[PDB]
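Reviewing the structure listed below.
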Amino acid sequence: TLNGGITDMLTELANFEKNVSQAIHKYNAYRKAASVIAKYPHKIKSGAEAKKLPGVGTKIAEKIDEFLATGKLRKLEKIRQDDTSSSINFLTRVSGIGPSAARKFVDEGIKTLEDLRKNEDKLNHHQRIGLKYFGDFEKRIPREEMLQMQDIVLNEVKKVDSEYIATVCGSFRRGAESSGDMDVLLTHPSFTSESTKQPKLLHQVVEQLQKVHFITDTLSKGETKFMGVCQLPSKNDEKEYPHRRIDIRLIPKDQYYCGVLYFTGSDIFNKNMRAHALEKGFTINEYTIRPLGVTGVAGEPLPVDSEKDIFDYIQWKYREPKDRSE
DNA sequence: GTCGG
DNA sequence: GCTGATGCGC
DNA sequence: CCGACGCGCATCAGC
Ligand SMILES: Nc1ncnc2c1ncn2[C@H]1C[C@H](O)[C@@H](COP(=O)(O)CP(=O)(O)OP(=O)(O)O)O1
Ligand SMILES: [Mn+2]
Ligand SMILES: [Mn+2]
Ligand SMILES: [Mn+2]
Ligand SMILES: [Mn+2]
Ligand SMILES: [Mn+2]
Ligand SMILES: [Mn+2]
Ligand SMILES: [Mn+2]
Ligand SMILES: [Mn+2]
Ligand code: NA
Ligand code: NA
Ligand code: NA
């Protein structure tokens, strides 16, 4: 965190462009600039120094100069003081409320946790669950707990069918000490790019996790994707564990590695690897790696039996999940 | 907001 | 009541 | 200096 002051500012700037401006690309630009600086091994002493890095342009170089000189950023003082921006920014902290709904609630004078309680009948099911766990969802999950959660999920899955294969990905797979949520990748032999589909592969597992009361609520659920809420077992009287966000994604077994690579991240890493693979005549998504034709049309899915295979296809030195946290 | 074209 | 349109979070 | 940088699910506006 040699440049924690700078990256903190680029992030808050990023989130403003995301929630308020609804400018997803400026959002990206800011996270990208904060991502390269976070990887910069020297304490930045001036914007010009920062400007040398790809992602850090003119406007940001200046903001850095100001931050380095003033200890703060006026543009951000204004943002935190502006009632509209601050309310919208706050509302998006509730799961289920994105930029659009937050901005609408605000146009109607709904801008605080209290107003949501008051105007609850206006919220959808997902948003209601979001408000109910507003405090719990913002809590980081200690790896120590991510481990207990892993065992419960892996165990319950094996209890359903011994051939299932759940793999906890995301920041956890990256070896992080604490995580935002818990992401689980699932596969079964009876489900591949063909198989004429298998009904309820994800259901059964989700249903079992509910049977042992690990999963407490559902935000959205489909045949391949599940977003919900869970909670470690509570002693028998003592303090209850915080409710946590869990995501389960069922992917075809013959696409497992491309899937673990994606759901493992990091998010900026994926954006980085994708762009690279595209400079190398390949196109990568969360399911397959395809070669790009002389024209630009993606050929068929190359074979993949390991994350490294994907690194090889794009002339990139394989990096362990611990070195992808960009 | 950035940078390759 | 249906569905194209859009929002949401990953 | 211009302009590229999406998916599986839920909901509801416009019929
Ligand atoms: N828009 C996007 N573009 C590219 N990749 C994206 C993505 N959204 C999610 N991903 C992928 C990579 C993340 O590691 C992975 C998990 O998505 P996630 O939102 O759970 C964040 P994670 O990286 O696990 O850290 P944490 O904050 O939860 O502790 O999903
Ligand atoms: Mn150096
Ligand atoms: Mn009020
Ligand atoms: Mn995660
Ligand atoms: Mn997730
Ligand atoms: Mn019960
Ligand atoms: Mn509870
Ligand atoms: Mn490259
Ligand atoms: Mn432009
Ligand atoms: Na630069
Ligand atoms: Na939100
Ligand atoms: Na539809």
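Letters A, B, ... mirror the listed sequences (proteins, then strands); counts begin at 1.
Residue A:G170 is out of contact with every strand shown, counting any heavy-atom pair closer than 4.0 Å. Here A:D183 lies in heavy-atom contact (under 4.0 Å) with sugar-phosphate atoms only. Residue contacts shown for A:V36 are absent, as no nucleic acid heavy atom lies under 4.0 Å away. Counting non-hydrogen atoms under 4.0 angstrom, A:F137 reaches nothing in the nucleic acid. A:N28 comes within 4.0 angstrom of no nucleic acid atom, judged by non-hydrogen atoms across all strands. Contacts of A:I97 with the nucleic acid, taken as non-hydrogen atoms under 4.0 Å apart, involve only primed sugar atoms and P, OP1 or OP2. Residue contacts for A:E223: at a heavy-atom cut-off of 4.0 Å it reaches the sugar-phosphate backbone alone, with no base atom in range. Note on A:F263: nothing from the nucleic acid sits closer than 4.0 angstrom, heavy atoms only. Residue A:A33 is out of contact with every strand shown, counting any heavy-atom pair closer than 4.0 Å. Using a 4.0 Å heavy-atom distance criterion, A:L53 is classed as a sugar-phosphate-only contact. Looking at heavy-atom distances under 4.0 Å, A:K32 makes no contact with the nucleic acid at all.
No salt bridge links A:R103 with A:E108; every basic N to acidic carboxylate O contact stays at or beyond 4.0 Å.
Atom CG of A:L91 is separated from atom P of C:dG7 by 16 Å (rounded to the nearest Å).
In this structure, A:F282 and A:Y313 have tilted ring planes: the angle between them lies in the 30° to 60° band.
Shown are A:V153, A:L154, A:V160; of these, the side-chain contact (heavy atoms from CB on, under 4.5 Å) with A:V157 is made only by A:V153.
More than 12 heavy-atom neighbours from other residues, nucleotides or ligands sit within 6.0 angstrom of NZ on A:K122.
When each of A:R274 and A:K225 is assigned the nucleotide of DNA chain D bearing its nearest heavy atom, the one mapping closer to the 5' terminus is A:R274. Residue order along DNA chain D, read from the 5' end via each residue's closest nucleotide, puts A:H25 first among A:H25 and A:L202.
Residue A:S220 places its side chain closer to D:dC9 than to any other of D:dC9, C:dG9, D:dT11.
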